[PDB]
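The chain is numbered in sequence order, starting from 1. Every number for a ligand or one of its atoms is a count from 1 in the order of the listing. Atom set for the values below is all heavy atoms of this structure, side chains included, hydrogens, waters and symmetry mates excluded.
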Amino acid sequence: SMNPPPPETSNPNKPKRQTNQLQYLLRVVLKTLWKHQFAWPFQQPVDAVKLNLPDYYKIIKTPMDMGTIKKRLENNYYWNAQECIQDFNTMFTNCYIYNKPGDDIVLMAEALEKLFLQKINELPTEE
Ligand SMILES: COc1cc(-c2cn(C)c(=O)c3cnccc23)cc(OC)c1CN(C)C
């Protein structure tokens, strides 16, 4: 019935770096997932008000979405690739916690996560 503030996508107090791995995450991983036919439920924060999900933010206390991850990558928010991978994992895990197995949203998250893992296993060695 009321949405929380969305996750931050900038913060001058957070340490940040540019790495070839973070470049890969934006140019390959995020690009591939963003354009996927099943991307759209994950491209913005869950609007629990508009979607009539009064329980969502009573269950999901660490929200994350690909729109936020996209902005964090574009804004050079991360210190390393593992911080970004964690955000993706939070997004997927939130979906499985809130929804039921076999739900359409869970099947779509599972398809995206399979592709995410295929791309992550080709993550370049840090130069
Ligand atoms: C970000 O946008 C959307 C999210 C969801 C959505 C996402 N996730 C992750 C969920 O767990 C979830 C759980 N229950 C119900 C809905 C969702 C659904 C959408 O449409 C049905 C849109 C589309 N909006 C333009 C309306």
To which of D47, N99, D65 does the heavy atom nearest atom 13 (C) of ligand 1 belong?
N99
Should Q44 be listed as contacting ligand 1, given a heavy-atom distance under 4.0 Å as the test?
yes
Please could you name the atoms of ligand 1 that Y98 approaches to less than 4.0 Å, counting only its heavy atoms?
13 (C), 14 (N)
Provide, to 0.1 Å, the distance between atom 20 (O) of ligand 1 and the closest protein heavy atom, together with that atom's residue and name.
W40 CZ3, 3.3 Å
Counting only heavy atoms not in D104, do more than 12 sit closer than 6.0 Å to its CG atom?
no
Return the closest protein heavy atom for atom 4 (C) of ligand 1 as residue, atom name and distance.
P41 O, 3.3 Å
Between the side chains of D65 and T68, does any donor sit under 3.5 Å from an acceptor?
yes
Output yes when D103 and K100 qualify as a salt bridge under the 4.0 Å nitrogen-oxygen rule, no when they do not.
yes
Under a 4.0 Å N-O cut-off, is there an ion pair linking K114 with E110?
no
Could you pull out, from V106, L51, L53, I60, the option with a heavy atom nearest to atom 15 (C) of ligand 1?
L53
Six-ring centre of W79, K14 cation under 6.0 angstrom, axis tolerance 45°:
no
Whether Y96 and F92 hold their rings parallel, tilted or perpendicular, with breakpoints at 30° and 60°
parallel
Counting non-hydrogen protein atoms only, what is the nearest one to atom 8 (N) of ligand 1? Give residue, atom name and distance.
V46 CG2, 3.7 Å
